[PDB]
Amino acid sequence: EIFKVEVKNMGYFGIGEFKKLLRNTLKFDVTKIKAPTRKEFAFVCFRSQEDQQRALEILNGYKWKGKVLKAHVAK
């Protein structure tokens, strides 16, 4: 089943940097990322609901690449 979020207020970023944050720094089990413009927003899907819930708790308020990130569930 699908456990998706949208990360917002990202400013400019690289996909390598973002996948590092999610998978190396925060140890999320990421199944998929759609951030095609490399700015402002990224959709992410996690293998478990636990990581989706974890991503929303952590990323809301998380200072990264000069920005205070926000995140919400995505359908």
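Note that residue numbering follows the sequence shown and begins at 1.
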Practice item. Tell me which of 1-9 and 65-73 has the higher mean C-alpha B-factor in the deposited entry. Key: 1-9
Practice item. Quick one: classify residue 46 as lowest, middle or highest third of the chain based on its Cα B-factor. Key: highest
Review point. Looking at the C-alpha B-factor of residue 25, is it in the lowest, middle or highest third of its chain?
Key: middle
Check your understanding: What third of its chain, lowest, middle or highest, does the C-alpha temperature factor of residue 59 fall into?
Key -> lowest
